[PDB]
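All of this is worked out from the model, or read from it or from the source named; no laboratory instrument gave them. Virtual Cβ from ideal backbone geometry, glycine too; neighbours counted across all protein chains shown.
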There are 2 protein chains.
Amino acid sequence: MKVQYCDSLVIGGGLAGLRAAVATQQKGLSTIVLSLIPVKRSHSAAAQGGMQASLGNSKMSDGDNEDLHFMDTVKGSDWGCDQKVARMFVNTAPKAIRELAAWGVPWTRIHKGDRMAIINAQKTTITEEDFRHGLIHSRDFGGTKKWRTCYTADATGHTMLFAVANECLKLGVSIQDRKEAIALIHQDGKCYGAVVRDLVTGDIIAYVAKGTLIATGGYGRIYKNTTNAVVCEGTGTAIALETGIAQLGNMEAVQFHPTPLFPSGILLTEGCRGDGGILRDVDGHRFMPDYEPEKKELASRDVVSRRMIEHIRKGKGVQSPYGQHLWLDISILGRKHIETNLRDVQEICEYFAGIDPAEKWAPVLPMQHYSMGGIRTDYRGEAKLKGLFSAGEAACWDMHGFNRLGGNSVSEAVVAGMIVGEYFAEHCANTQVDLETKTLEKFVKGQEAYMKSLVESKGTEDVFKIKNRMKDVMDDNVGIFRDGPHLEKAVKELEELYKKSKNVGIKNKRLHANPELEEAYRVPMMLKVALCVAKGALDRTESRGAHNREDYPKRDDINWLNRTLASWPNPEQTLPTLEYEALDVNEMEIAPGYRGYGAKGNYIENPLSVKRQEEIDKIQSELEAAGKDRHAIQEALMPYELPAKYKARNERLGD
Amino acid sequence: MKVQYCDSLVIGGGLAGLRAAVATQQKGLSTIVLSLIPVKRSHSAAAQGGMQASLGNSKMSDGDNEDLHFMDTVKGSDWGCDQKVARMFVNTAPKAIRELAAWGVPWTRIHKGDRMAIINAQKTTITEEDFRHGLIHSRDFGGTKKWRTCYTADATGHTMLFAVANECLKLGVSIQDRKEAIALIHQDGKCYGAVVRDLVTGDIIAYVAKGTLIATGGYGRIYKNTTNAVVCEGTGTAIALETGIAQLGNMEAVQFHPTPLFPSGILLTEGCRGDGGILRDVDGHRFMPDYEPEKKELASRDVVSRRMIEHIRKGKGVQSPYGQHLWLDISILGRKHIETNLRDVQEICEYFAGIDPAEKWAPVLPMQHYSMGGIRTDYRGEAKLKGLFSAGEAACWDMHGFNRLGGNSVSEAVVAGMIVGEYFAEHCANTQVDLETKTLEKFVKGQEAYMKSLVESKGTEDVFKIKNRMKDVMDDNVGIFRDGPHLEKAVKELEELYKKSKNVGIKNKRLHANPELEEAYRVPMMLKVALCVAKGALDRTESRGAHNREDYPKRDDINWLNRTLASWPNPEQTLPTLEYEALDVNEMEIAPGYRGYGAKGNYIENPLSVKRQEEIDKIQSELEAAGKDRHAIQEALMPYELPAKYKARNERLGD
Ligand SMILES: *Cc1cc2c(cc1C)nc1c(=O)[nH]c(=O)nc-1n2C[C@H](O)[C@H](O)[C@H](O)COP(=O)(O)OP(=O)(O)OC[C@H]1O[C@@H](n2cnc3c(N)ncnc32)[C@H](O)[C@@H]1O
Ligand SMILES: *Cc1cc2c(cc1C)nc1c(=O)[nH]c(=O)nc-1n2C[C@H](O)[C@H](O)[C@H](O)COP(=O)(O)OP(=O)(O)OC[C@H]1O[C@@H](n2cnc3c(N)ncnc32)[C@H](O)[C@@H]1O
Ligand code: NA
Ligand code: NA
C-alpha cells in the first residue's frame, strides 16, 4: 500500500487552497497541496473584474470602510449569509490586498489629476488629489456605491494566483498536480485524509494528515452553459458529500452572469455595459429601457439576467443552431474607447467569436457563473466531519447567502485562505490522530476495487451521453427562472440518470492516463451534486437572491429565513437528504429588509425582524448619543471572532 | 513532522536485510531498506571463506546431507543452540545456494578429472567423476569432515551480496542509504517503526511500518582488535535494547579468528593454514606441534586461538609498538603455490603489510570476528517486542549457540533472510496497526531534543578518548581467556565510561553531515552493548564454546545449559538486567555430549542428558528396525517448522 503523510493536507490549488497552504507551511507544518492541474491554471486565474476591499484610497472610494462593505454584502446576500462571517471577511479584505501588494501583485495605482470617467448618473470628470498618488486604485464594479474593486489592469485573478503560488514555492510547500482526491478517509466522525488517484500512473494512494482542507472551487460544469473552466465539476463537493457526514449548504444558490459570450461561455467583462454597452434583441432594438426605464442597462446584474430571459420568452430572441441568444453592442462606444479601455474584450470576440466588437455585435446569453453553495462549515471553516475544513468557492462559510457580490469571491478565496488557514493550522498543530492501517487499507482497497469494476463493466450506457443529458436538464430546469413542475421533472430525470451512470461501459481498459475512466467515476459524483442543487431548488418554496421561483415570487422571511443543508447518509439512497439551519435574527447586525435591487415589498416580513430592528435602532441611538465610535457600536450589535493575527484595525488615508 | 510509511521496514542492507526485503517486496508489500552506507558495501561483502550447504556434488562432499550438516552445527555450538532452528537452517541452505545460482552468482564449478589436493591426513589426489562436471563445487572449510563450503573463487560474500542487492533493485525495493536508525518507535509492547537520522541533512524522520526487521550485523567494533568493518558497532542491537522490552541473547558469545593480520585486523583466509601455513613464535619456532602433537597447525580454529595466547603468555610473543603478536609463515608453501592458490592473501600482505608472503612472515594475532549474540527472537525471527523481527548476525535466532561454524554465518544471513522473510511478510500482510501521531511526535521530538542537547553540551569529555578506552577494556578483559577478577574490573570501568559518555562535548555544532555528532550518540549505545557482553561474561560461571572462564574451565550442563537474556527496562539503570532461558533437553534431537574439539570429559554431565540420550537411541533403533527413512526418524526425534514455500526436500546427485 502507498501512503503519504503530511501534517496539513490541502485539496485544491486555487487562491483559497494555496493561501491556506502558506498559512500552515509558514508555521512548520509539513503541507501538501493536491491539484488536478498545475496550480497556476486554476479557475481563479480567469478573474478580470477585480477584488473588493474597503481601502478608501481613491476619490470614488473616499469614506469607504468595513461597515459600508459589510452592508453591501449582507443586503446583496438577501439576508441568507451568516453576518458574523461577513464581518470577519470585510475586516480582513484590506489586509489581504496589502499583503498581496507586499508579495508583488502589480495592483493598478492612482496618479494625481483629472480623469474622463463614466458615472452613469453624471459621466463627468473625477479628480485624484496628490496625497492619493501611488496608492492602490479601485474601479466601479459589483454595483456598490463606493468603488472598492481593486485590480491589476485586466488580469487580476492571474497576478493574484501567481503571487500566492510563488509564495508556496518559496516556503517549500509540496505541490502535487495531476492528482485527484476521489474519496475522503474518515472514521468515528473524524477526517484523516483522502484516497487519491494519480491521473498519470493510475496509482491509488492514501494521503493521511492531521487535518484536511477542501478548496476545490465551484460546481458550474453540471450545467451545459457556464463561464467555468472545464475542471469545475464539483468532485471536491461530492467526496465531502459521500462521507455521509459532511453537509452541503445552499446548493440551490447558483449565480448567473448576464453577458457571457454565447455559446462558448467565455466571459465579456461587466465593464462593457458599465462603460456603455448596449443589449439588443433580434430586431436590433435596445430593450432594457423598456423593462428598466430608470436603471436601464446599468440595472443590477441580477435584474439584467432576468429581463434578458423574459425578453427571449416573449419571442424576441435570436435563433441559433445552439439555441436562442441576444446581442451585446459595444461598437457604440467608439473604436477608440474600445481599443484603449476594452482592448481585452476586443481580443476575445476576435480570437473566439471571430468578430471585431468595434463593428459587429457579440452574441450573449446569461450562464451559470458562481457557486454560492458548497461544503457547510462553522465560522472557522471546519465541516461537521471533524478535521475537514473548506475554504473558497467550494465552501458555504456563507458570507454570500443567496447572492454573492461581484468582486467578493476572489476576495473571499484569499481572505478565507488567511482566516481558515489560521484555524486550520491551529487544528493541525493541536489535534492528535489515531491512524489505523485497517481503515486506510479499507478505503484504498475500496477505491482500487471501484476502479477495477469500472474498467471491467459490461454496461452499455455511454458516459458522455449521460453527462451531456445532465447538463441540458440543469440548464433547462434549474436556471434563472424555476417552477415546481419543471423542478420535479428535473429531479426525477437526474435520479434516473444517476442510476444509469452505474451501467456505464468504457472502451479503454488501461488504468493509467485514461480520460474515459476519469469520466466514469466523476459523472456519478456530478449527478449527486446536481441532485442536491435541483432538489434543494424544488423544496425551497420562495424566491431569494439568485433563486427565483415563479410559483413563489416572494422572499419568505417567516418560513425560509434559513439555510438548506444536504447530506447523503445512506449510500443506497438515490436522493439527497435535506434539513434546514435557521438563521437567528437576534444575531444579526442588520435585520432583514429591502435588498436594494429588484421590486419592493416583494418579501413576507417576519415579526421577529421588526422587533430586532427596533432593538438595533435603540442600541445605536443610545451609544451614538454617548459619543461612541462605530467600532464599539458594532461590538454591541453583533460581536464576531477573528484569529489573533488579524484582530488589528485597518489604517486608512485620513485617519 | 516528517513521516515515511511502508508496509515492511528493513533496517540493515547486508545479506540478511536485502534478502528479507526481496521476500516482502515480491508479494506486493511496499518495503524500505535503511542503511548507513550503500548496501553493496556492507560487511557481508568481505566474506572469502564461503557458504556452508549440504549439496553433496563433489567427491569430498559425497554422501553429505542435512543430518551431517545439522550435527556439525549442533556440536559446534557446544549445545547452546536451538536445535529446531538449526534444522530449519540446514534444510534450507541448499535451496539458498541454488536460488543464488539462478540469480547469477558465479559459484566455482566442478570439472572432471584428478586434482592435487591437500587432505592433511593424506595429501593425495582427488577425482571428480564425469557426472559431477559443471555442478557447484565445494572446498575444505570450517573443519567439517564433509567438504560443503561453496564459493565464488575468492570473493563469495561479494558476489552473493551484489546478486541480492541487484534483485532488490529489480523488484523496486526502496533503498535509502546514509540513513541511521537511532531509536525504535513502540507502544503497548508493539513496534511501529524507527526514528531515523539522515546522515547527510541531519533531519530526524519517523519511518512507520506494520513490521520492522533489524539486520544490522555484528558488534565487533566494541573491541580494539576486530576483523569487522568500521560500521559494525552494534547500534542496531542497542536500539532494540533501549526499547526496554526486546532482549539480547548470549551477548557474551563472541568468536575470534586466529590469524587476522596484526594490527590492522585485515583477514588472512583460513586456507593459509589449511594449505600448509605455519605459525611461528619470536624465535621462528613452529610451536603448534608442541601443544597439539596430532592436529598441529590444523587443529580446530578455536584451539589454535587459545594456544596462540598461551604461547604469548609464556613470553614467546613478538614485541611490537602496537602490542604482542606471532608470525604466520606461508612462504614454506612455495612461491608457485601462493601465487596460484593464494594470490589474494599475497596481495593483502603487500597492499597493507607491505611484504611478499612468498618471502617474509606475516604478523598475526587472534581478534574478534563474529557475533553469535544478538537480538533474541523465536524460531520465526520475531523479538519479544511484537512486530520487531531480526535476522542475520544481528540476531540470536540461535543456530550458532556458543560457537558458530565457519561458513555458517553468510549461509545464515541468506537463509534467515528467506525464512524470517516469509514470516515477516506474513506478519506485515496480516497485522493491523494503530499509528498514533501523539506517539510518533513524542519519539521524533525526543530525538530532536537529544541531538540538540549533544550539540549544546558543555561537557568536557572527549568522545574518541572514551570510545578508545572502551575498546582496550574489551580486548584486555573480555577476550579469548576470561576470569571473574578481570571481568569485574571491566564491568566497573565500562559503567564509569558510560556515565562519562554523557558529559561529552563536541567542537562542530552543525546538525548535518557531522561525524563528531554521530560518535556522540553512537558511543553511549556501544557502551551499553559492551556492558551486556562483559556482564554476561562475568555472570556465566562456566566455559562453553568460545566463552572460556579460566576460573570455571568446565562446561556446566547442569547449571548453565541455557541462554543469557539481557534487557534494559529502566533507562535510569547503568547495568543490564540479566535473565536466563533454559534449554529443554527433551526438545533436543542430539543430547549434550562431547563437542568433538578440545579436551575430553571437560563438561559436567546433566542426568537429564543421559536419560534423553537413551530415549533417542531407543526411538532410532525401533524405527530403524521397522525400515524407516532418516526423514521419518528425524520427525520422531524433534519435529520442526518451515514456511510452506520451503517445506520441500533437497534433490541431490544420486537420489
Ligand atoms: C469562472 C470565473 C469566476 C470569476 C471571474 C471570472 C470567471 C471567468 N471573475 C471574478 C472577479 O472578477 N471577481 C471575483 O470576485 N470573482 C470572480 N470570479 C469567481 C472567482 O474567480 C472564484 O470564486 C475564485 O477564483 C474561486 O477560487 P478557489 O480557490 O476556490 O477555486 P479555484 O480557483 O477554482 O480552484 C479549485 C482548485 O481545486 C482543484 N480541484 C478540484 N477538484 C479537485 C479534486 N477532486 N482533487 C484535487 N484537486 C481538485 C483544481 O485543480 C483547482 O486547482
Ligand atoms: C568480518 C568478516 C565476516 C565474515 C568473513 C570475513 C570477514 C572479514 N568471512 C565469512 C565466511 O567466509 N563465511 C561465513 O559464513 N561467514 C563469514 N563472515 C561473517 C559473515 O560475513 C557475516 O556474519 C554476515 O555477512 C553478516 O550479514 P548481515 O546481513 O547480518 O550483516 P552485514 O552484512 O554486516 O550488514 C549490516 C547492515 O546493517 C547496516 N546498519 C548497521 N547499523 C545500522 C543502523 N543503526 N541504522 C541503519 N543501518 C544500519 C549496515 O550499513 C549494513 O548494511
Ligand atoms: Na460556495
Ligand atoms: Na548474532
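Checking the condition in contact with a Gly (Cβ under 8 Å, 6 or more places away or on another chain), touching a residue at least 12 places away in the same chain (Cβ under 8 Å) and farther than 30 Å from residue A:563 by Cβ, which residue from A:298, A:248, A:261 passes?
Values: A:248 fails: farther than 30 Å from residue A:563 by Cβ; A:261 fails: in contact with a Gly (Cβ under 8 Å, 6 or more places away or on another chain).
Of A:298, A:248, A:261, the one residue that is in contact with a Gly (Cβ under 8 Å, 6 or more places away or on another chain), touching a residue at least 12 places away in the same chain (Cβ under 8 Å) and farther than 30 Å from residue A:563 by Cβ is A:298.
Can you find a residue in the stretch B:552-572 that is closer than 21 Å to residue B:91 by Cα and not assigned by CATH to the domain that holds residue B:373?
Taking the stretch B:552-572 as the starting set, the residues that turn out to be closer than 21 Å to residue B:91 by Cα are none.
Scanning the stretch B:552-572, I find no residue that is closer than 21 Å to residue B:91 by Cα and not assigned by CATH to the domain that holds residue B:373, so the answer is no.
When the residues of the stretch B:1-38 are filtered to those that are within 16 Å of ligand 2 (Cβ to nearest atom) and among the β-branched types (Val, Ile, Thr), which remaining residue is surrounded by the most Cβ atoms within 10 Å (Cβ to Cβ)? Break it down into steps so the answer makes sense when it comes.
Going through the stretch B:1-38, the residues within 16 Å of ligand 2 (Cβ to nearest atom) turn out to be B:4, B:6, B:8-24, B:31-38.
Those left that are additionally among the β-branched types (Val, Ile, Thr): B:10-11, B:22, B:24, B:31-33, B:37.
Working: B:10: 35, B:11: 30, B:22: 23, B:24: 31, B:31: 30, B:32: 24, B:33: 29, B:37: 17.
That would be B:10.
Looking at (1) crowded, with 18+ Cβ neighbours inside 10 Å; (2) of a type outside the set (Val, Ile, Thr); (3) within 26 Å of residue A:510 (Cα to Cα), can you tell me which one residue A:177 breaks?
Just one mismatch for residue A:177, condition (1).
Restricted to the stretch B:432-451, and to residues that are of a type in the set (D, E, K, R) and at the interface with chain A (Cβ under 7 Å from one of its Cβ atoms), which residue is farthest from residue B:211 (Cα to Cα)? So that I can check it myself, show each step before the final result.
Here is the first cut: in the stretch B:432-451, the residues of a type in the set (D, E, K, R) are B:434, B:436, B:438, B:441-442, B:445, B:448.
Among the residues that remain, those that are also at the interface with chain A (Cβ under 7 Å from one of its Cβ atoms) are: B:434, B:436, B:438.
Values: B:434: 12, B:436: 16, B:438: 19 Å.
Going through the qualifying residues, I end up with B:438.
Residue B:350 versus (1) within 16 Å of ligand 4 (Cβ to nearest atom); (2) touching a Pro at 6+ places or on another chain (Cβ under 9 Å): which is the lone unmet condition?
With (1) within 16 Å of ligand 4 (Cβ to nearest atom); (2) touching a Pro at 6+ places or on another chain (Cβ under 9 Å) applied to residue B:350, the lone miss is (1).
Would you call residue B:492 part of a loop (DSSP other than H, G, I, E, B), surrounded by fewer than 20 Cβ atoms within 10 Å (Cβ to Cβ) and not hydroxyl-bearing (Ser, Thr, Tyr)?
So residue B:492 fails the test.
What's the number of the condition residue A:465 fails, among (1) touching a strand residue (DSSP E or B) at 6+ places or on another chain (Cβ under 7 Å); (2) away from every other protein chain (no Cβ under 14 Å); (3) without any contact (Cβ under 8 Å) to a residue 12 or more places away in the chain?
All conditions are met except number (1).
So which residues in the stretch A:51-72 are farther than 18 Å from residue A:105 by Cβ and touching an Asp or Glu at 6+ places or on another chain (Cβ under 8 Å)?
A:56, A:59, A:60, A:70
Matching residues to (1) under 25 Å from the mean Cα position of the chain (by Cα); (2) more than 16 Å from ligand 3 (Cβ to nearest atom); (3) farther than 30 Å from residue A:425 by Cα; (4) among the hydrophobic types (A, V, I, L, M, F, W, C):
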| residue | (1), (2), (3), (4) |
| --- | --- |
| A:126 | no, yes, yes, yes |
| A:151 | yes, yes, no, no |
| A:163 | yes, yes, no, yes |
| A:182 | yes, yes, no, yes |
| A:192 | no, yes, no, no |
| A:200 | no, yes, yes, yes |
| A:212 | yes, yes, no, no |
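Against the condition more than 14 Å from chain B (Cβ to nearest Cβ) and either touching a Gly at 6+ places or on another chain (Cβ under 8 Å) or without any contact (Cβ under 8 Å) to a residue 12 or more places away in the chain (or both), how does residue A:217 come out, does it pass? Spell out how you get there, then give the answer.
Working: more than 14 Å from chain B (Cβ to nearest Cβ): yes; either touching a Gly at 6+ places or on another chain (Cβ under 8 Å) or without any contact (Cβ under 8 Å) to a residue 12 or more places away in the chain (or both): yes.
It is true that residue A:217 is more than 14 Å from chain B (Cβ to nearest Cβ) and either touching a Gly at 6+ places or on another chain (Cβ under 8 Å) or without any contact (Cβ under 8 Å) to a residue 12 or more places away in the chain (or both).
May I ask you to verify whether residue B:58 is at negative phi and within 16 Å of ligand 4 (Cβ to nearest atom)? Step through it out loud before you land on a result.
Details: at negative phi: yes; within 16 Å of ligand 4 (Cβ to nearest atom): no.
Taking the combined requirement at face value, the residue does not satisfy it.
Of everything in the stretch A:145-157, what is surrounded by fewer than 18 Cβ atoms within 10 Å (Cβ to Cβ) and within 13 Å of ligand 1 (Cβ to nearest atom)? Give them in sequence order. Spell out the reasoning first.
Filtering the stretch A:145-157 for residues surrounded by fewer than 18 Cβ atoms within 10 Å (Cβ to Cβ) gives A:145, A:153, A:155.
Scanning the stretch A:145-157 gives A:153, A:155.
Could you list, in sequence order, all residues of the stretch A:1-52 that are of a type in the set (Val, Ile, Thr) and touching a strand residue (DSSP E or B) at 6+ places or on another chain (Cβ under 8 Å)?
Here is the first cut: in the stretch A:1-52, the ones of a type in the set (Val, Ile, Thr) are A:3, A:10-11, A:22, A:24, A:31-33, A:37, A:39.
Result: A:3, A:10, A:11, A:24, A:31, A:32, A:33, A:39.
If a residue must be farther than 21 Å from residue A:48 by Cα, part of a helix (DSSP H, G or I) and hydrophobic (A, V, I, L, M, F, W, C), how many such residues does the stretch A:308-349 contain?
Selection size over the stretch A:308-349: 4.
Given the conditions (1) within 14 Å of chain B (Cβ to nearest Cβ); (2) under 30 Å from residue A:163 (Cα atoms); (3) outside any helix (DSSP H, G or I); (4) hydrophobic (A, V, I, L, M, F, W, C), and given that residue A:405 satisfies all but one, which numbered condition is not satisfied?
(1)
Testing residue A:574 on (1) in a loop (DSSP other than H, G, I, E, B); (2) in contact with a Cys (Cβ under 9 Å, 6 or more places away or on another chain), one condition comes back false. Which one is that?
So the condition that residue A:574 fails would be (2).
Determine, yes or no, whether residue B:172 is at positive phi and either more than 10 Å from ligand 2 (Cβ to nearest atom) or more than 18 Å from the chain's Cα centre (by Cα) (or both). Lay out the reasoning, then the answer.
Numbers: at positive phi: yes; either more than 10 Å from ligand 2 (Cβ to nearest atom) or more than 18 Å from the chain's Cα centre (by Cα) (or both): yes.
Here the answer is yes, as residue B:172 does meet what is asked.
Kindly check whether there is at least one residue in the stretch B:20-41 that is away from every other protein chain (no Cβ under 14 Å), assigned to a loop (DSSP other than H, G, I, E, B) and among the β-branched types (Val, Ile, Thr).
Among the residues of the stretch B:20-41, at least one is away from every other protein chain (no Cβ under 14 Å), assigned to a loop (DSSP other than H, G, I, E, B) and among the β-branched types (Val, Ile, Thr), which makes the answer yes.
Take the stretch A:73-82 and flag every residue that is assigned to a helix (DSSP H, G or I) and surrounded by 24 or more Cβ atoms within 10 Å (Cβ to Cβ). Before you say what the answer is, go through the steps one by one.
So the first thing to find is which residues in the stretch A:73-82 are assigned to a helix (DSSP H, G or I), and the list is A:73-76.
Answer for the stretch A:73-82, where residues must be assigned to a helix (DSSP H, G or I) and surrounded by 24 or more Cβ atoms within 10 Å (Cβ to Cβ): A:73, A:74, A:76.
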